[PDB]
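Engineer: Can you read through this structure? Questions will come right after.
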Amino acid sequence: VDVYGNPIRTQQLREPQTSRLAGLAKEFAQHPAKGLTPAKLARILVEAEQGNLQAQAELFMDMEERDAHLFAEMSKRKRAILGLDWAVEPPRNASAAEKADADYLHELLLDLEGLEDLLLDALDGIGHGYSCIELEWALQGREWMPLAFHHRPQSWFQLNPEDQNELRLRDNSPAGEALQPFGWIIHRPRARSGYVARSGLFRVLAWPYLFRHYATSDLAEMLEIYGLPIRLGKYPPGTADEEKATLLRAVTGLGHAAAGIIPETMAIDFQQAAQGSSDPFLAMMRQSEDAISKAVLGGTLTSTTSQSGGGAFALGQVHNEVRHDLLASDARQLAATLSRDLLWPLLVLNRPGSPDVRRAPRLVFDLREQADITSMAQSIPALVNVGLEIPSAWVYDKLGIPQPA
Amino acid sequence: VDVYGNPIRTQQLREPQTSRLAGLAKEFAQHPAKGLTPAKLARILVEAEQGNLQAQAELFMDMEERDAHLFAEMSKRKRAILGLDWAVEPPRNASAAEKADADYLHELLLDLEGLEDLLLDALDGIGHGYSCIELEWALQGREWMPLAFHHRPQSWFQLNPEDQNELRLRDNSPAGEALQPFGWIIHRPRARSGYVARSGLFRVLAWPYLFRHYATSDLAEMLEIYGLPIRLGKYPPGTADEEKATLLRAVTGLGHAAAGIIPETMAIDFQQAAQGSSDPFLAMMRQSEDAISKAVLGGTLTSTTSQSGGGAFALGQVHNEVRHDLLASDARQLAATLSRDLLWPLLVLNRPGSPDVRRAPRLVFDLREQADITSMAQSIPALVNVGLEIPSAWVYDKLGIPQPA
Amino acid sequence: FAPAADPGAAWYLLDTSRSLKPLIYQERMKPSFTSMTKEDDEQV
Amino acid sequence: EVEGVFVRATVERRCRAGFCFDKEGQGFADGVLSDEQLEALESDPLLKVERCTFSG
Amino acid sequence: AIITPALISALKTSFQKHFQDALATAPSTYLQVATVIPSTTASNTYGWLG
């Protein structure tokens, strides 16, 4: 069975759950970001709270695509995880059989192509609040294998009417369809405590995005109007339609044309077009960008930048507060999700027996922080000459150097 | 067969797939960037989402050509990869036969001309979202060889109506044509999770490009109008057409001409031409350029520049955060694509047997970061005098010095 | 009776369709419509 | 066929002489004549509105 | 409702360039029945003595 105890039947693993839903694969995103107003955004969020996640997912995708600063921040945050070395470790004080199981799982993950793509797809749940990856199960003789990992759009799911924390497929029915066991890797990182609909970071970032969009569009319009002044022509009674058209064309082309002549009975008045500055717009854009940076990566390095300054402890100063905390949180949540969803089916299908769930191997990301070799290498000799018996295992582990074999 | 399991037939390798499509080679780009408005750009993107990639590809090419800042950023990013040393390594704990296969593949890649051009062509997928390179297969006796690598424009492909993630050639039919196995090296880097149409970076960068283009054009127009003032001449009733023309020419040339005389019954009024500054335009250009820099290369070194400051750890400070992450991501994705597309056909055609796919050799890029030799050389003697047995293999690998032979 | 001879391999297919929008599901569940509070216990 | 009808005893602004009062007239969503007068006459409903197929 | 959707047709309507160039010439046939004789003159002449 799975970790949650639901019965597992190997018959349903031959075909993906969504195969019998050919309607989903033919859908196109509705792009709800175009022509978006604060009222529309509020309605979208409220409806999403009630189980209509399609519009929210499409809006989040548009928001990711249309904002360069937000996209850069999210990409940097995800690439931070994608570059971490990982390993599979056996449970606490594991036995020889458990160690062998962990070693086999580690070897299987090393030789499993598409792991990086799986991690990238799973990390989308950081912003979207939940990411679902469908599994393709195949048999190369007697051992089950994940053939491929398919990332399904968040717009394909909904909320259970009887449960606000349980996701279901959109199968044209009011209650949707329950997710098949062992058929998905659902990643639901928890930045804030609440239901799944409210758990996305883009829900926090939506309003600054709209503020920045409005400011940028208004600035573009004002830059378009800038330049020549608006000038209005006046004509006396008894001016025919042809003369009216001639005066109109003359006024229209007068800005580009340096000189022109009109009868003394006519008049042209040059009125202010748009006089001001870009200061308010740019102030709003900077405020929104700082808010986005703080919300995504913390207000110590991105928005209120940590500035330059090297040194042996500079790495620690830059990392440990804010950056290390965020990195560790994301890595730990991703590792927990993976150990729950991918490691367990492999252990319970590819190996004999029914090992207890509490003793399953856990995937661990390498969060080791580079320690100053020179300072500590200076420090040891004094301590050892004093008489302290420092274990070599601690040194080898903390320095990153492996133990002799 | 290929990695995806599709049957492979050596009969079709004698001729390129596109040879029977002589119509494609005679096409010319439509240049959709000229006369581009936000509505046109939105329509282009939406249509591309639906399988019309021709217009999107041509727009991306124009965008690359017409923006100097964006072009410089993309060229720098790609040249970063092009300068990395690479090697082919055998699988985990490989056997003698596998080691020989890996060595032969490494020798073949070393002596294969046009590798750098292949890497450059593949890296175009970073911005375009997908790059297709056609292969020319030839037999120098008993061993198949890639005669040349041909990069085909992204405008030559489309989306499968029944699948939004599968590309097909444009053969005048609604469904296009499936890509021949072993006939292409398709590189599809994944910056964001989604379909192939939405996966390009230029999709993110399009809007800042349009903002900058509008600002620059408006500034150029305003600079053209700047200088002399617009001056309007007025004439009384009873002024004949010849006198009207004389007054018009006098007004037209009055700005260049320092002095002129008119009857007291006439009048010339000098009105403001264009009074303001370049501040709004330049502010918009700077905002767009900063957005492009952040989106392409990260907001730590390019847009918000890391500034000067040397030191032993300066290399790490500049690289590890942002620059190292991006370099490693791009290099790993390119290596995976190459190992999938080019290494496998060579292994399965140029050598006997049917080696298992999981044990295929993998191309690896040299991502080793220069480590401070002096500090660490100071550090070792203390540790070794303490009693730690540090392996020499770790030292030789990390320093870049090769092991004695 | 009701015949038609068409090409299939051409760049165009006869009687082309238009899936302008997907098969969106419209529902009337509970406190989302008035059919269920100021009305009978009806759902469409 | 004409699409557009209001048959819920619904109220619409119809102006008779110097004032606009509840009444149901044209009540259609398509227009070919009296557009300028229809705008005043075809002010969208005050109360519940439901449409049918007159097919006239 | 809307007073005059009649005039707003231009803005609404979209473009589907699927009927553009949705045709081609008949497959080449002169190869089977005719042989190519490359030349670079203005009036090529052939001579046979029987």
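Order determines the names: the first chain of the structure tokens is A, the second B, and so forth; residues in each chain are numbered 1 upward, and ligands are numbered 1 upward as they are shown.
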Can you check which residues of chain A have any atom within 7 Å of chain C? Use only C-alpha atoms and format it as a PyMOL selection string.

Structural biologist: chain A and resi 27+172+174

Engineer: Using the selection just defined, write its residues with N, CA and C atoms as a PDB file, in the first residue's frame.

Structural biologist:
```pdb
ATOM      1  N   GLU A  27      -7.497  21.281 -24.497  1.00  0.00           N
ATOM      2  CA  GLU A  27      -7.871  22.599 -24.007  1.00  0.00           C
ATOM      3  C   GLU A  27      -6.743  23.604 -24.213  1.00  0.00           C
ATOM      4  N   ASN A 172     -15.790  16.520 -15.754  1.00  0.00           N
ATOM      5  CA  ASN A 172     -17.110  17.033 -16.105  1.00  0.00           C
ATOM      6  C   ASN A 172     -18.148  16.789 -15.018  1.00  0.00           C
ATOM      7  N   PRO A 174     -19.613  17.144 -10.936  1.00  0.00           N
ATOM      8  CA  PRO A 174     -19.465  18.123  -9.844  1.00  0.00           C
ATOM      9  C   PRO A 174     -18.361  17.769  -8.865  1.00  0.00           C
TER      10      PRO A 174
END
```

Engineer: Could you pull out the helix (DSSP H, G or I) residues of chain D from DSSP and send them as a VMD selection string?

Structural biologist: chain D and resid 35 to 41

Engineer: Could you fit chain A onto chain B by least squares over every C-alpha atom, paired in order, and give me the moved chain as a short mmCIF file (atom, residue, chain, number, x, y, z; two decimals) with C-alpha atoms, in the first residue's frame?

Structural biologist:
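Heads up, here's the output in result.cif:
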```cif
data_model
loop_
_atom_site.label_atom_id
_atom_site.label_comp_id
_atom_site.auth_asym_id
_atom_site.auth_seq_id
_atom_site.Cartn_x
_atom_site.Cartn_y
_atom_site.Cartn_z
CA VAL A 1 16.28 1.79 -31.37
CA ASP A 2 16.34 5.28 -29.87
CA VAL A 3 16.07 6.26 -26.22
CA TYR A 4 12.30 6.74 -26.57
CA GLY A 5 11.93 3.19 -27.93
CA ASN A 6 10.65 4.15 -31.37
CA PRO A 7 11.74 1.60 -34.01
CA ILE A 8 14.80 2.70 -35.97
CA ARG A 9 15.23 1.90 -39.67
CA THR A 10 18.59 2.60 -41.30
CA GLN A 11 16.99 2.97 -44.75
CA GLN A 12 15.69 6.48 -44.01
CA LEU A 13 19.10 7.75 -42.82
CA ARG A 14 20.50 8.07 -46.36
CA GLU A 15 18.54 11.27 -47.08
CA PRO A 16 17.46 14.17 -44.86
CA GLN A 17 13.79 14.29 -43.97
CA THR A 18 13.38 17.82 -45.36
CA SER A 19 14.94 16.93 -48.73
CA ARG A 20 11.49 16.06 -50.10
CA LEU A 21 10.20 19.48 -48.92
CA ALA A 22 12.04 21.75 -51.34
CA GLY A 23 9.35 24.37 -50.73
CA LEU A 24 10.70 25.21 -47.27
CA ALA A 25 14.19 26.16 -48.47
CA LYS A 26 12.76 28.89 -50.74
CA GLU A 27 10.90 30.81 -48.03
CA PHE A 28 11.83 34.26 -46.72
CA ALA A 29 11.16 35.69 -43.26
CA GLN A 30 8.16 38.02 -43.06
CA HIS A 31 9.72 40.37 -40.47
CA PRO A 32 6.69 40.80 -38.17
CA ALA A 33 8.57 43.18 -35.85
CA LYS A 34 8.21 46.15 -38.21
CA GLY A 35 5.08 48.12 -37.36
CA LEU A 36 4.48 46.11 -34.18
CA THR A 37 1.92 47.31 -31.62
CA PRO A 38 0.97 45.79 -28.24
CA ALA A 39 -2.23 44.37 -29.75
CA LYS A 40 -0.27 42.77 -32.59
CA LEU A 41 2.22 41.30 -30.11
CA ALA A 42 -0.58 39.88 -27.97
CA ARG A 43 -2.21 38.33 -31.04
CA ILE A 44 1.12 36.85 -32.14
CA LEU A 45 1.72 35.27 -28.73
CA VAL A 46 -1.83 33.91 -28.47
CA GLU A 47 -1.68 32.43 -31.97
CA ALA A 48 1.67 30.84 -31.14
CA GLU A 49 0.04 29.25 -28.10
CA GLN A 50 -2.35 27.54 -30.54
CA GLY A 51 0.31 26.03 -32.84
CA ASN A 52 1.27 28.89 -35.19
CA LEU A 53 4.96 29.13 -34.32
CA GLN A 54 6.06 30.70 -37.62
CA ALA A 55 5.11 34.27 -36.68
CA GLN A 56 6.51 33.85 -33.17
CA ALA A 57 9.83 32.54 -34.49
CA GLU A 58 10.18 35.37 -37.00
CA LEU A 59 9.29 37.94 -34.34
CA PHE A 60 11.90 36.46 -32.01
CA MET A 61 14.54 36.64 -34.74
CA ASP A 62 13.70 40.29 -35.41
CA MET A 63 13.75 41.02 -31.67
CA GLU A 64 17.20 39.46 -31.38
CA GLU A 65 18.49 41.47 -34.34
CA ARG A 66 16.98 44.88 -33.49
CA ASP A 67 17.93 45.11 -29.79
CA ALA A 68 21.62 45.60 -29.05
CA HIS A 69 21.36 45.13 -25.28
CA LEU A 70 19.33 41.93 -25.54
CA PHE A 71 21.62 40.58 -28.25
CA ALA A 72 24.71 41.32 -26.15
CA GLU A 73 23.22 39.60 -23.10
CA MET A 74 22.22 36.49 -25.06
CA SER A 75 25.58 36.31 -26.82
CA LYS A 76 27.45 36.60 -23.52
CA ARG A 77 25.28 33.89 -21.96
CA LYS A 78 25.86 31.50 -24.86
CA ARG A 79 29.59 32.22 -25.11
CA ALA A 80 29.81 31.32 -21.43
CA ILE A 81 28.79 27.77 -22.34
CA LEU A 82 30.80 27.65 -25.56
CA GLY A 83 34.02 28.12 -23.56
CA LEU A 84 33.54 25.18 -21.18
CA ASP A 85 35.72 22.09 -21.46
CA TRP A 86 33.78 18.85 -21.79
CA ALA A 87 34.40 15.13 -21.42
CA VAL A 88 32.56 11.84 -21.91
CA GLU A 89 32.38 9.63 -18.83
CA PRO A 90 31.27 5.99 -18.53
CA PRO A 91 28.20 5.10 -16.44
CA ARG A 92 28.30 4.36 -12.72
CA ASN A 93 30.81 1.60 -11.92
CA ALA A 94 31.11 0.76 -15.60
CA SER A 95 32.73 -2.42 -16.91
CA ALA A 96 35.67 -2.74 -19.29
CA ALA A 97 33.44 -2.95 -22.37
CA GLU A 98 31.50 0.14 -21.25
CA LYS A 99 34.76 1.99 -20.58
CA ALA A 100 35.96 1.11 -24.09
CA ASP A 101 32.68 2.31 -25.58
CA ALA A 102 32.94 5.60 -23.69
CA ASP A 103 36.56 6.06 -24.77
CA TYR A 104 35.68 5.43 -28.41
CA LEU A 105 32.79 7.89 -28.23
CA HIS A 106 35.07 10.49 -26.62
CA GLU A 107 37.65 10.04 -29.38
CA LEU A 108 34.91 10.33 -32.01
CA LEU A 109 33.57 13.58 -30.55
CA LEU A 110 37.07 15.06 -30.31
CA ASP A 111 37.71 14.41 -34.01
CA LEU A 112 34.20 15.51 -35.10
CA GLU A 113 34.41 18.90 -36.79
CA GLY A 114 31.65 21.43 -36.21
CA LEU A 115 30.99 20.61 -32.56
CA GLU A 116 31.18 24.26 -31.49
CA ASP A 117 28.70 25.25 -34.21
CA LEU A 118 26.39 22.47 -33.04
CA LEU A 119 26.52 23.76 -29.46
CA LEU A 120 25.87 27.32 -30.61
CA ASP A 121 22.89 26.24 -32.72
CA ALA A 122 21.47 24.15 -29.87
CA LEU A 123 21.78 27.05 -27.41
CA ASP A 124 19.33 29.05 -29.55
CA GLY A 125 16.59 27.04 -27.84
CA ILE A 126 17.26 29.04 -24.68
CA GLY A 127 15.57 32.08 -26.21
CA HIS A 128 13.43 30.42 -28.87
CA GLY A 129 12.25 27.64 -26.55
CA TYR A 130 13.32 24.87 -28.94
CA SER A 131 16.12 24.33 -31.46
CA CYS A 132 16.17 21.63 -34.15
CA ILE A 133 19.39 20.55 -35.87
CA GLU A 134 19.16 18.13 -38.79
CA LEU A 135 21.74 15.36 -39.14
CA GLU A 136 23.53 14.16 -42.27
CA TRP A 137 24.38 10.46 -41.96
CA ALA A 138 27.08 8.89 -44.12
CA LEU A 139 28.92 5.56 -44.20
CA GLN A 140 32.72 5.52 -44.43
CA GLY A 141 32.70 1.78 -44.94
CA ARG A 142 31.08 0.01 -41.98
CA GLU A 143 30.74 2.88 -39.47
CA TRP A 144 28.07 5.59 -39.58
CA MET A 145 29.21 9.20 -39.30
CA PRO A 146 27.43 12.54 -38.85
CA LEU A 147 28.48 14.28 -42.05
CA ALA A 148 27.26 17.72 -40.98
CA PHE A 149 24.86 19.53 -38.65
CA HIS A 150 22.18 21.75 -40.20
CA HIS A 151 20.21 24.20 -38.07
CA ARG A 152 16.65 24.58 -39.34
CA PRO A 153 14.65 27.74 -38.55
CA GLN A 154 12.04 27.45 -35.83
CA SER A 155 9.55 28.82 -38.39
CA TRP A 156 9.69 25.45 -40.20
CA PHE A 157 7.77 23.61 -37.44
CA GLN A 158 4.40 23.67 -35.69
CA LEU A 159 2.45 21.95 -32.92
CA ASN A 160 0.60 18.67 -33.22
CA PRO A 161 -3.17 19.32 -33.09
CA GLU A 162 -3.51 16.27 -30.83
CA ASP A 163 -0.48 17.12 -28.65
CA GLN A 164 0.74 20.54 -27.51
CA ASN A 165 4.23 19.29 -26.53
CA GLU A 166 5.14 17.52 -29.80
CA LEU A 167 6.65 19.43 -32.72
CA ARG A 168 6.11 18.61 -36.39
CA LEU A 169 7.35 19.80 -39.77
CA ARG A 170 5.24 22.04 -42.00
CA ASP A 171 4.37 19.83 -44.98
CA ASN A 172 1.24 21.77 -46.09
CA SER A 173 -0.97 19.29 -44.16
CA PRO A 174 -3.01 20.18 -41.06
CA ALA A 175 -1.13 17.64 -38.91
CA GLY A 176 2.33 18.44 -40.25
CA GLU A 177 4.88 15.62 -40.23
CA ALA A 178 6.40 13.71 -37.32
CA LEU A 179 10.11 14.19 -36.72
CA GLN A 180 12.25 11.37 -38.07
CA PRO A 181 14.08 9.38 -35.38
CA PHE A 182 17.86 9.87 -35.36
CA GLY A 183 17.45 12.72 -37.84
CA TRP A 184 17.40 15.65 -35.42
CA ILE A 185 18.98 16.99 -32.23
CA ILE A 186 16.09 18.82 -30.54
CA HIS A 187 17.14 21.03 -27.62
CA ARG A 188 14.28 22.30 -25.43
CA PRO A 189 15.61 23.99 -22.29
CA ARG A 190 13.01 24.46 -19.55
CA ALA A 191 13.22 27.81 -17.76
CA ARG A 192 9.52 27.66 -16.81
CA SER A 193 7.16 24.71 -16.45
CA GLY A 194 4.64 24.55 -19.28
CA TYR A 195 4.15 23.73 -22.93
CA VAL A 196 6.78 24.19 -25.63
CA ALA A 197 5.14 27.32 -27.06
CA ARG A 198 5.25 29.14 -23.70
CA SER A 199 8.74 27.91 -22.76
CA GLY A 200 10.84 30.53 -24.57
CA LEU A 201 12.66 33.30 -22.73
CA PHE A 202 11.89 35.76 -25.52
CA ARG A 203 8.24 35.36 -24.54
CA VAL A 204 9.17 36.90 -21.19
CA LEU A 205 11.45 39.49 -22.80
CA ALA A 206 9.02 40.63 -25.51
CA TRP A 207 7.22 43.33 -23.54
CA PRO A 208 10.33 45.16 -22.24
CA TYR A 209 11.64 45.11 -25.81
CA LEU A 210 8.48 46.81 -27.08
CA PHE A 211 8.61 49.37 -24.27
CA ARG A 212 12.22 50.22 -25.12
CA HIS A 213 11.46 50.39 -28.85
CA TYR A 214 8.56 52.79 -28.31
CA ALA A 215 10.61 54.97 -25.96
CA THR A 216 13.57 55.13 -28.35
CA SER A 217 11.40 55.95 -31.37
CA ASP A 218 9.54 58.66 -29.46
CA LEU A 219 12.82 60.16 -28.25
CA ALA A 220 14.19 60.17 -31.80
CA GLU A 221 11.07 61.95 -33.06
CA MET A 222 11.23 64.51 -30.26
CA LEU A 223 14.90 65.14 -31.00
CA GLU A 224 13.98 65.67 -34.64
CA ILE A 225 11.34 68.27 -33.74
CA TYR A 226 13.66 70.02 -31.24
CA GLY A 227 15.55 73.12 -32.35
CA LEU A 228 13.70 75.96 -34.05
CA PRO A 229 10.20 76.92 -32.91
CA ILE A 230 7.05 76.52 -34.95
CA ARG A 231 6.03 79.95 -36.23
CA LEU A 232 2.70 80.77 -37.87
CA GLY A 233 2.13 83.63 -40.30
CA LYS A 234 -1.14 85.53 -40.58
CA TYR A 235 -2.31 87.60 -43.54
CA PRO A 236 -5.19 90.06 -43.99
CA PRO A 237 -8.12 89.80 -46.40
CA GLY A 238 -7.16 90.66 -49.94
CA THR A 239 -3.87 88.76 -50.00
CA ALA A 240 -3.48 87.03 -53.36
CA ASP A 241 -2.24 83.48 -53.90
CA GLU A 242 1.23 84.61 -55.00
CA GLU A 243 1.60 86.73 -51.87
CA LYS A 244 0.32 83.79 -49.81
CA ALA A 245 3.01 81.55 -51.30
CA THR A 246 5.67 84.19 -50.67
CA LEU A 247 4.58 84.51 -47.03
CA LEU A 248 4.58 80.72 -46.66
CA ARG A 249 8.11 80.39 -48.05
CA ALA A 250 9.27 83.26 -45.83
CA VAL A 251 7.84 81.56 -42.74
CA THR A 252 9.29 78.20 -43.81
CA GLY A 253 12.78 79.64 -44.18
CA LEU A 254 12.55 82.12 -41.31
CA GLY A 255 13.95 79.72 -38.72
CA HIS A 256 17.17 79.19 -40.66
CA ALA A 257 17.23 82.83 -41.78
CA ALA A 258 18.20 85.23 -39.00
CA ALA A 259 16.25 88.21 -40.34
CA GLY A 260 13.22 89.03 -42.45
CA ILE A 261 10.77 91.81 -43.18
CA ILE A 262 6.98 91.69 -43.54
CA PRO A 263 4.26 94.33 -43.93
CA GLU A 264 2.86 95.77 -40.72
CA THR A 265 -0.51 94.28 -41.71
CA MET A 266 0.89 90.74 -41.44
CA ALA A 267 1.99 88.91 -38.30
CA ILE A 268 4.23 85.98 -37.34
CA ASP A 269 3.86 84.24 -33.97
CA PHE A 270 6.58 81.93 -32.63
CA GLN A 271 4.95 79.10 -30.66
CA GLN A 272 6.62 76.50 -28.48
CA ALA A 273 7.76 73.48 -30.51
CA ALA A 274 8.61 70.76 -27.98
CA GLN A 275 9.58 71.69 -24.43
CA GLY A 276 10.45 69.02 -21.90
CA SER A 277 13.35 66.64 -21.35
CA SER A 278 14.67 63.20 -22.17
CA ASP A 279 14.14 62.11 -18.56
CA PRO A 280 10.92 60.07 -19.06
CA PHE A 281 12.15 58.27 -22.17
CA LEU A 282 15.53 57.45 -20.62
CA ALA A 283 13.83 56.28 -17.42
CA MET A 284 11.72 53.85 -19.44
CA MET A 285 14.74 52.60 -21.40
CA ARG A 286 16.71 52.03 -18.20
CA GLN A 287 13.79 50.16 -16.63
CA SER A 288 13.43 47.90 -19.66
CA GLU A 289 17.17 47.24 -19.89
CA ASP A 290 17.36 46.36 -16.20
CA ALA A 291 14.42 43.98 -16.63
CA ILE A 292 16.13 42.31 -19.59
CA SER A 293 19.42 41.98 -17.71
CA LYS A 294 17.71 40.45 -14.67
CA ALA A 295 15.70 38.02 -16.81
CA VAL A 296 18.69 36.88 -18.88
CA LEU A 297 21.66 36.84 -16.48
CA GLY A 298 20.28 37.52 -12.99
CA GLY A 299 19.86 40.60 -10.84
CA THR A 300 23.15 40.39 -8.94
CA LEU A 301 25.85 41.02 -11.57
CA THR A 302 24.27 42.58 -14.68
CA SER A 303 21.39 44.88 -13.69
CA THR A 304 22.33 45.45 -10.04
CA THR A 305 26.02 45.04 -10.81
CA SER A 306 28.18 43.30 -8.21
CA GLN A 307 30.68 46.18 -8.46
CA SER A 308 34.45 45.77 -8.08
CA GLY A 309 36.39 44.15 -5.25
CA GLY A 310 39.01 41.42 -5.54
CA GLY A 311 40.24 38.75 -3.18
CA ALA A 312 40.75 35.00 -2.92
CA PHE A 313 37.02 34.41 -2.37
CA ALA A 314 36.01 37.07 -4.91
CA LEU A 315 35.67 34.41 -7.62
CA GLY A 316 33.28 32.43 -5.44
CA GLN A 317 31.33 35.53 -4.44
CA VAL A 318 30.86 36.60 -8.06
CA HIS A 319 30.10 33.11 -9.40
CA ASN A 320 28.48 30.69 -6.97
CA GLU A 321 25.26 32.62 -6.42
CA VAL A 322 23.45 33.34 -9.70
CA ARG A 323 26.27 32.90 -12.19
CA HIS A 324 27.31 29.37 -11.22
CA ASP A 325 23.68 28.28 -10.91
CA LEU A 326 22.78 29.53 -14.39
CA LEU A 327 25.97 28.13 -15.92
CA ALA A 328 25.42 24.71 -14.35
CA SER A 329 21.75 24.60 -15.36
CA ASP A 330 22.44 25.47 -18.99
CA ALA A 331 25.44 23.14 -19.24
CA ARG A 332 23.58 20.22 -17.66
CA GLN A 333 20.55 20.64 -19.92
CA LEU A 334 22.73 20.87 -23.03
CA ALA A 335 24.73 17.81 -21.94
CA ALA A 336 21.55 15.82 -21.35
CA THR A 337 20.21 16.76 -24.78
CA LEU A 338 23.49 15.82 -26.46
CA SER A 339 23.81 12.50 -24.62
CA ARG A 340 20.23 11.70 -25.62
CA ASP A 341 20.43 12.67 -29.30
CA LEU A 342 24.02 12.36 -30.60
CA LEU A 343 25.83 9.91 -28.31
CA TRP A 344 23.12 7.23 -28.45
CA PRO A 345 22.90 6.83 -32.26
CA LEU A 346 26.68 6.57 -32.42
CA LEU A 347 26.72 3.90 -29.71
CA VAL A 348 23.89 1.88 -31.27
CA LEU A 349 25.13 2.11 -34.88
CA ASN A 350 28.94 2.17 -34.66
CA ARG A 351 29.30 -0.66 -32.12
CA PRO A 352 28.00 -4.23 -31.89
CA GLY A 353 25.39 -5.54 -29.50
CA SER A 354 22.39 -3.88 -27.88
CA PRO A 355 23.61 -2.18 -24.69
CA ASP A 356 20.94 -1.27 -22.16
CA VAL A 357 19.77 2.34 -22.38
CA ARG A 358 20.30 2.99 -18.67
CA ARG A 359 24.03 2.21 -19.08
CA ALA A 360 24.71 4.59 -21.97
CA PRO A 361 27.68 6.96 -21.50
CA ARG A 362 26.82 10.55 -20.60
CA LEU A 363 28.50 13.72 -21.84
CA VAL A 364 29.69 15.87 -18.94
CA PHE A 365 30.72 19.53 -19.02
CA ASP A 366 33.59 20.67 -16.81
CA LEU A 367 31.90 22.85 -14.19
CA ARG A 368 34.89 22.75 -11.83
CA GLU A 369 35.38 26.11 -10.12
CA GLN A 370 38.88 27.43 -9.53
CA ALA A 371 39.80 26.81 -5.90
CA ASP A 372 42.26 28.95 -3.94
CA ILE A 373 45.54 27.05 -4.17
CA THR A 374 47.43 29.14 -1.60
CA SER A 375 44.93 28.98 1.28
CA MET A 376 44.34 25.26 0.90
CA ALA A 377 48.07 24.53 0.49
CA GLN A 378 48.56 26.34 3.78
CA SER A 379 45.74 24.28 5.29
CA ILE A 380 46.80 20.73 4.33
CA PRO A 381 50.09 20.57 6.30
CA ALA A 382 48.36 21.28 9.62
CA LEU A 383 45.70 18.64 8.96
CA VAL A 384 48.19 15.98 7.85
CA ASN A 385 50.45 16.67 10.84
CA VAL A 386 47.37 16.28 13.06
CA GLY A 387 46.79 12.78 11.68
CA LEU A 388 43.99 13.04 9.13
CA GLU A 389 44.45 10.79 6.08
CA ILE A 390 43.05 12.96 3.29
CA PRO A 391 42.90 11.07 -0.03
CA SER A 392 45.08 12.38 -2.83
CA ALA A 393 42.32 11.75 -5.38
CA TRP A 394 40.16 14.49 -3.86
CA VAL A 395 43.07 16.94 -3.96
CA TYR A 396 43.99 16.16 -7.56
CA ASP A 397 40.36 16.37 -8.70
CA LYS A 398 39.55 19.62 -6.90
CA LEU A 399 42.76 21.47 -7.80
CA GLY A 400 42.51 20.51 -11.47
CA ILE A 401 45.97 18.90 -11.38
CA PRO A 402 45.93 15.45 -13.04
CA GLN A 403 46.96 12.29 -11.26
CA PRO A 404 50.43 10.94 -12.14
CA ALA A 405 50.49 8.37 -14.93
#
```

Engineer: What's the 12 Å shell around region 34-39 of chain D, counting only C-alpha atoms, without same-chain residues fewer than 2 positions away, as a VMD selection string?

Structural biologist: (chain D and resid 12 to 16 24 to 32 41 to 44) or (chain E and resid 1 to 6)

Engineer: At what distance in Å, to one decimal, does CA of residue 16 (chain C) lie from CA of residue 23 (chain E)?

Structural biologist: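 So the answer is 15.7 Å.
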
Engineer: Could you work out how far CA of residue 1 (chain D) lies from CA of residue 54 (chain D), giving the answer in Å with one decimal?

Structural biologist: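 Atom-to-atom, CA of residue 54 (chain D) to CA of residue 1 (chain D), that is 7.6 Å.
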
Engineer: For chain E, work out the contacting residues on chain C at 10 Å, counting only C-alpha atoms, and write them as a list in words.

Structural biologist: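 Taken together, these residues fit the definition: residues 10, 11, 12 and 13 of chain C.
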
Engineer: Taking 5 positions as the minimum chain separation for residues in the same chain, which residues sit within 7 Å of residue 6 (chain D) when counting only C-alpha atoms? Answer as an mmCIF file with C-alpha atoms, in the first residue's frame.

Structural biologist:
```
data_model
loop_
_atom_site.group_PDB
_atom_site.id
_atom_site.type_symbol
_atom_site.label_atom_id
_atom_site.label_comp_id
_atom_site.auth_asym_id
_atom_site.auth_seq_id
_atom_site.Cartn_x
_atom_site.Cartn_y
_atom_site.Cartn_z
ATOM 1 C CA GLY D 27 -37.421 44.828 -25.885
ATOM 2 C CA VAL D 49 -35.610 39.720 -17.369
ATOM 3 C CA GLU D 50 -36.016 36.495 -19.332
ATOM 4 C CA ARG D 51 -35.833 36.008 -23.095
#
```

Engineer: So, counting only C-alpha atoms, which residue among D:17, D:23, D:9, D:33 is closest to chain E?

Structural biologist: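 Closest to chain E, using only C-alpha atoms: D:33.
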
Engineer: Would you list, as a PyMOL selection string, the residues of region 185-261 of chain B that end up in strand (DSSP E or B) under DSSP run on this structure's backbone?

Structural biologist: chain B and resi 185-187+230-235

Engineer: Quick check, in Å to one decimal: how far apart do CA of residue 7 (chain D) and CA of residue 52 (chain D) lie?

Structural biologist: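 Distance reported for this atom pair: 7.6 Å.
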